[PDB]
Amino acid sequence: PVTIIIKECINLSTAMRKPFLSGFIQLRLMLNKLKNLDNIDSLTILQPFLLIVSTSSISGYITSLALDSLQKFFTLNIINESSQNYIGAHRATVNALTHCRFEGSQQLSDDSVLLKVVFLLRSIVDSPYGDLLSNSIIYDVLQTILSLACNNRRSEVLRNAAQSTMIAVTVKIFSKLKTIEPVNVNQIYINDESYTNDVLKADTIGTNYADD
Amino acid sequence: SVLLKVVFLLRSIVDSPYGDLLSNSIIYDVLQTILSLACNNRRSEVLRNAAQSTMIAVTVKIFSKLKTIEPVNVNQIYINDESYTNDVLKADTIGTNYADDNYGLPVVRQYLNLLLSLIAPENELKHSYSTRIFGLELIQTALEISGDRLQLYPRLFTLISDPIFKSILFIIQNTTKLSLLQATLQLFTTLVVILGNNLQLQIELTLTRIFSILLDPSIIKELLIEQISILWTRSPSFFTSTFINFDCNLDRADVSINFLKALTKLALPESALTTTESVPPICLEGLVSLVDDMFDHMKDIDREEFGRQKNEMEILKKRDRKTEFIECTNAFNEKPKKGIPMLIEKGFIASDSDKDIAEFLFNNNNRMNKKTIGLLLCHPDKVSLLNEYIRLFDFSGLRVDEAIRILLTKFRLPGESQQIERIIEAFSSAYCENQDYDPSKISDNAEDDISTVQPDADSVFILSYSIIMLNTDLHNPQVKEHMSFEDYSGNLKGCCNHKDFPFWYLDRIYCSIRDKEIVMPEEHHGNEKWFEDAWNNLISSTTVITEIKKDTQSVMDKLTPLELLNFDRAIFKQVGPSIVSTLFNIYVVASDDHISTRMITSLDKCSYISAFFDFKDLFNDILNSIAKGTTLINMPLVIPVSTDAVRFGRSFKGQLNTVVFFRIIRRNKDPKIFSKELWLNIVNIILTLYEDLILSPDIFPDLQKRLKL
Numbered sequence: 033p034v035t036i037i038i039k040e041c042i043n044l045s046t047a048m049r050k051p052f053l054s055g056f057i058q059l060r061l062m063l064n065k066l067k068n069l070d071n072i073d074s075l076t077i078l079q080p081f082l083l084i085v086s087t088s089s090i091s092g093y094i095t096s097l098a099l100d101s102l103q104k105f106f107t108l109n110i111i112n113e114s115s116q117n118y119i120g121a122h123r124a125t126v127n128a129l130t131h132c133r134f135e136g137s138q139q140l141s142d143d144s145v146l147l148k149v150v151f152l153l154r155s156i157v158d159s160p161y162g163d164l165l166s167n168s169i170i171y172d173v174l175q176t177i178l179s180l181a182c183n184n185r186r187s188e189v190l191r192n193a194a195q196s197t198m199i200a201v202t203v204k205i206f207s208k209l210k211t212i213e214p215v216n217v218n219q220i221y222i223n224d225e226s227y228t229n230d231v232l233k234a235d236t237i238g239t240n241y242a243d244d
Numbered sequence: 035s036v037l038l039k040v041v042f043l044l045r046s047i048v049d050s051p052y053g054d055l056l057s058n059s060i061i062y063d064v065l066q067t068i069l070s071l072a073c074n075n076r077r078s079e080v081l082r083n084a085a086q087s088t089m090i091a092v093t094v095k096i097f098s099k100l101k102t103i104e105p106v107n108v109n110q111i112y113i114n115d116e117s118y119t120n121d122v123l124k125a126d127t128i129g130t131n132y133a134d135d136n137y138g139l140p141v142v143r144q145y146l147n148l149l150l151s152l153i154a155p156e157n158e159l160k161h162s163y164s165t166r167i168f169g170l171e172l173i174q175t176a177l178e179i180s181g182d183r184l185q186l187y188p189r190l191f192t193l194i195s196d197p198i199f200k201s202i203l204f205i206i207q208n209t210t211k212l213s214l215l216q217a218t219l220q221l222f223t224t225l226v227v228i229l230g231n232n233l234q235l236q237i238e239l240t241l242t243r244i245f246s247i248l249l250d251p252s253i254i255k256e257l258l259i260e261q262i263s264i265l266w267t268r269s270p271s272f273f274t275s276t277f278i279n280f281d282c283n284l285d286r287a288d289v290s291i292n293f294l295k296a297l298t299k300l301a302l303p304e305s306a307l308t309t310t311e312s313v314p315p316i317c318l319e320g321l322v323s324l325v326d327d328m329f330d331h332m333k334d335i336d337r338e339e340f341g342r343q344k345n346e347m348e349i350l351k352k353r354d355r356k357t358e359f360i361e362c363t364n365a366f367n368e369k370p371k372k373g374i375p376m377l378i379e380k381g382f383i384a385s386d387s388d389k390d391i392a393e394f395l396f397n398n399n400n401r402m403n404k405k406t407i408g409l410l411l412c413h414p415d416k417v418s419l420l421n422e423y424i425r426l427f428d429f430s431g432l433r434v435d436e437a438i439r440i441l442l443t444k445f446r447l448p449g450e451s452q453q454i455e456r457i458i459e460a461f462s463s464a465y466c467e468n469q470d471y472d473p474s475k476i477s478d479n480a481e482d483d484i485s486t487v488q489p490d491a492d493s494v495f496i497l498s499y500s501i502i503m504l505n506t507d508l509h510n511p512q513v514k515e516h517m518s519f520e521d522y523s524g525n526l527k528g529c530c531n532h533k534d535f536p537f538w539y540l541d542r543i544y545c546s547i548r549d550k551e552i553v554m555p556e557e558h559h560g561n562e563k564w565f566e567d568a569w570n571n572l573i574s575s576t577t578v579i580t581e582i583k584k585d586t587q588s589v590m591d592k593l594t595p596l597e598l599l600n601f602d603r604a605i606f607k608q609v610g611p612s613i614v615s616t617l618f619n620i621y622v623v624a625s626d627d628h629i630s631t632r633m634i635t636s637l638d639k640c641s642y643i644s645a646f647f648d649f650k651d652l653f654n655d656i657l658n659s660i661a662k663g664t665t666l667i668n669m670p671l672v673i674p675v676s677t678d679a680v681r682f683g684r685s686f687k688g689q690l691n692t693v694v695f696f697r698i699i700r701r702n703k704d705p706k707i708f709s710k711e712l713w714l715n716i717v718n719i720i721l722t723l724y725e726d727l728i729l730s731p732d733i734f735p736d737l738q739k740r741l742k743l
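Going down the list, the sequences are from chains X and Z. Start counting at 1 in the first sequence, then tack on 32, and there's your number in our numbering. Start counting at 1 in the second sequence, then tack on 34, and there's your number in our numbering.
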């Protein structure tokens, strides 16, 4: 399990063309000699990686490698229930994933990384771990995917990807009404909340009772 | 858009539970479709990235159920016959202008055949480098998902061992692009850590070549050292393991001490001119990691308990014998006569009996090139030794094609037709000995049973001549019009004692010979196909016959910690002066703070190792050089300031050295380890610090009080 962690750290560091490198070097020195994952503050395992995607001044290629590594991290399923604070780890991963930004570059295209982010969001949402997230971050995820789908300026195939991903997310949202009983018992509900409190969020990614 | 809709729907079908109920043919078509989408660059970049992403999920879903499926067969002897190029990628189709059963195991072999065809050396011209990197990463993910289960399935083991690793060695040798080198090195490191134990021999050729390129472009060496580094970090005690398995052994070449000496030569700052600046730090990290791991091993055992190892364990003793074992080679090879007397003189074979020397030929695979062995077996009068050697082979239920494949891997035949006749008679005798008698068992219509046919010794002689001549005639590329079934059958109508053969044996033999070569050792006087011939001779010993091991875990679990501490004497008695010289060289050359502190701590740990192991020369040399480094060895004196005191205080390099030196002095237990040079150095140190009013003299006040001075 740890072998993937040091291999990805080595690959990203030598991709960095030898401040953010200090975190990865600290991660490597922490796990240079540690057989099997132990009490390690598993949020701290991922914490150097989310600094790459969260920061706005990083190049497109580096954040693309970061997103690919994160997708590998989820796919091999190393952050399990045994690893303590895994709920916070996945929460931080999604929260940093929503606010991903970058600077344009000739290497690759923005559409590639901006599709990797959406696929990683999908694989997080339909996974069982998606049950354990919060309403604020998942509403932010929905705002991000709505902004991706609505924006006609982006590539059309990316828009189709966003639409299909949103359909899958809608399945995973509305399927959970079955497992939860209605609030109250036959109370005389009187509507008072507004019909326009929530509004569409403008795009921010790309080139430039909540917390329960 | 519609293409990505197709890919999304395919993914949603595959990872769904209902996707378990698919079939091999259609799912292989799905894999071909997605691979043609991903590899082909005609489509947009974003769609290609989508295909790249979904293929990882599809591969993970396919390879997950290797855990679910139990092993097939009864772990019998798997003689590989199927080719390495039956499957191949098809061009893209979508866009503008044991198969039909439940889906399961055998699609994965076709899948890995497709990936090997992606990354194969011969197919380099067809495919591009991006799809090559994609294939390398796909094999990495597929292996490291369920690597430990792949040892059970030998049909997968042959495919993942011989051709794929041959391709990996080719990319490590010939290619020059940084990213492709990175991908293949990542796959190689994954292979070593996960399937290190059962993939014994190819790692040694790989490491010999990797240090060959390393020792003699500057940019590639940085990547080469970077990706190979984690083997000494993320593994068990890697140097001890690769010495326990290999360098102790006699047949295999050196890997461990070669690794240490390569790191020694490469770790000096003089390598900074020939190689970039990122290599010496991680090289030093590996060198420090060796002593760190040994010091971790060192804590539990005391001084006296290690001294009770009376036997001087046999493996190290044969390791001292290895430097004469290598001298035995190139004396048997040059002269089959006059060498075997020298072998039995050195006692490396327990006696000059035919059985014992035959067992010696059987055991050794690497040294003693096999053309000379075949020439020895073709003597005018050595038939007893030849018969005993051939009898040692096992053919319990093996086919004659599989049997001759097993034979031919171990020695090339003599040249002329008269000479070749000597081997087949003993082969036929052994084959008749290796199968039971068949009174009223044979039947033409029966099939799928090797036990059905019991061919005559003259008949298997005829069939051996036929199959070897067929291999010689068919596989020459320049020669044309190879014989076929209608003519192959017509030659051998009636062989089994005035009785006809069955068509089952003949058509399966023909299919097997059509499928793949009969591997034999080969050597050319010049370069020519140097690497391919070398790989063929190296893999001829191992990959042709395989068996499932019970103790799949390495031998280190069996050995006690005392046994490991006894074993590492071979490490330190060979490497100690070199590593100490390297450490002291960069220690005096370097100027940084934390690096120097790390050097001093590592050097103190090496001193502790030398103190334990009674390395008197090394333990004197380290401490004498430390004394030289104290800057107290060869204006007016006047809180006593002095020239010696000021030189002491100005330099951190001398500052740190003295306290660790006296720490080493206080920590000692045995006094006989010390020698006159160290004693003279410490008393000169004591006198020098007495001279400058800096060490107070009254340090036995009790005696002064007793005597009343």
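Note that the Cβ used here is the ideal one computed from N, Cα and C, for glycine as well.
- Message: Does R185/X come out as helix, strand or coil in the three-state DSSP assignment?
- Response: coil
*Interface partners of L318/Z on chain X, CB under 7 Å*: Under the 7 Å cutoff, chain X gives no residues; its nearest Cβ is about 14 Å from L318/Z.
Review point. Name the chain X residues whose beta carbon is nearer than 7 Å to that of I90/Z?
Key: The answer, in chain order, is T107.
Legend entry - Proximity to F272/Z [Cα-Cα], best of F708/Z, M590/Z, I206/Z and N74/Z: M590/Z
Query - Among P489/Z, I547/Z, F565/Z and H558/Z, the one whose alpha carbon lies nearest that of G528/Z - result: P489/Z
Worksheet entry | The alpha helix (DSSP H) enclosing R154/X, as first and last residue numbers | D142 to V157
(Q) Suppose only complete runs of 3+ residues qualify. What are the beta strand (DSSP E) ranges in the stretch 166-215 of chain X, listed by chain order? (A) Within the stretch 166-215 of chain X, there are no complete beta strand (DSSP E) runs of at least 3 residues.
Is it buried or exposed, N279/Z, if we count other Cβ atoms within 10 angstroms and call 16 or more buried?
buried
Legend entry - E113/X in three-state terms, based on DSSP: When secondary structure is reduced to three states using DSSP, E113/X falls in the coil class, being assigned neither helix nor strand.
May I ask you to report which of helix, strand or coil DSSP gives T218/Z? DSSP places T218/Z within a helical segment (H, G or I) once states are collapsed to three.
Which residues does DSSP list as the beta-bridge partners of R456/Z?
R456/Z pairs with nothing; no bridge assigned.
Checklist entry - At what residue ranges does the stretch 370-432 of chain Z contain a whole run of the beta strand (DSSP E), taking only runs of 3 or more? => result none
Take the Cβ of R185/X as the centre, count every other Cβ of all protein chains shown within 10 Å, and call the residue buried at 16 or more, exposed below. exposed
Checklist line | CA-to-CA distance, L172/Z to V142/Z, given in whole angstroms | finding: 13 Å
Checklist entry - Does any C-beta atom of chain X lie closer than 7 Å to the C-beta of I476/Z? => result no
**Report entry** Residue range of the unbroken alpha helix (DSSP H) whose run includes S615/Z
**Finding:** From DSSP, the alpha helix (DSSP H) with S615/Z extends over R603 to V623.
Local conformation of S518/Z per DSSP, three classes: coil
Practice task
Could you tell me the boundaries of the alpha helix (DSSP H) in which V680/Z lies?
Solution key: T677 to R684
Does the Cβ of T239/X have 16 or more other Cβ atoms within 10 Å, making it buried, or fewer, making it exposed? exposed
Compile a chain-ordered list of the residues in the stretch 42-60 of chain Z whose CB is closer than 7 Å to at least one CB of chain X. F42
Task: residue 14/Z burial status per 10 Å Cβ neighbour count (16 or more: buried) - done: Only positions 35 to 743 of chain Z appear in this structure, which leaves residue 14/Z out of reach.
Between the Cα of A491/Z and the Cα atoms of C530/Z, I552/Z, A645/Z and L248/Z, which residue gives the shortest distance?
-> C530/Z
* To do: With a floor of 4 residues, list each alpha helix (DSSP H) that falls wholly inside the stretch 217-251 of chain Z, ordered by position along the chain.
  => Correct list: 236-249.
Taking Cβ-Cβ distances shorter than 8 Å, what residues in chain X pair up with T102/Z? What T102/Z touches in chain X, judged by beta-carbon distance under 8 Å, is nothing: the nearest beta carbon there is about 16 Å away.
So does the stretch 275-292 of chain Z actually touch the stretch 340-348 of chain Z, counting three or more Cβ pairs closer than 8 Å? No, the stretch 275-292 of chain Z is not in contact with the stretch 340-348 of chain Z.
field: Contact residues within the stretch 178-194 of chain X, judged by C-beta distance below 9 Å to chain Z
entry: The residues in question are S187, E188, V189, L190, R191, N192 and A193.
*Could you work out which residues of chain X lie near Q220/Z, taking near to mean beta carbons separated by less than 8 Å?*
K39 and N43
Check your understanding: Got a sec: does the ligand ATP put a non-hydrogen atom nearer than 6 Å to the Cβ of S151/Z?
Key -> By its list of ligands, the structure shown contains no ligand whatsoever, and the ligand ATP lies outside what it can speak to.
Original post:
Where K404/Z and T93/Z are concerned, what is the direct C-alpha to C-alpha distance, given to the nearest angstrom?
Top reply: 42 Å
task: Indicate the three-state DSSP secondary structure (helix, strand or coil) for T580/Z in the structure shown.
output: If DSSP states are grouped into helix, strand and coil, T580/Z belongs with the strands.
Spatially closest choice to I667/Z from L723/Z, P595/Z, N561/Z and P674/Z, by CA coordinates: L723/Z
task: With a threshold of 16 other CB atoms inside 10 Å of the CB of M328/Z, please say whether the residue is buried or exposed.
output: buried
query: Are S630/Z and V325/Z closer than 7 Å when you measure CB to CB?
result: no
Review point. Residues bridged to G162/X by DSSP?
Key: Answer is none; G162/X lacks a bridge partner.
- Give the secondary structure of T239/X by DSSP, where H, G and I count as helix, E and B as strand, and everything else as coil. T239/X falls in the strand class under three-state DSSP.
>> When you compare the CB of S207/X with every CB in chain Z, is at least one pair closer than 7 Å?
In response: no
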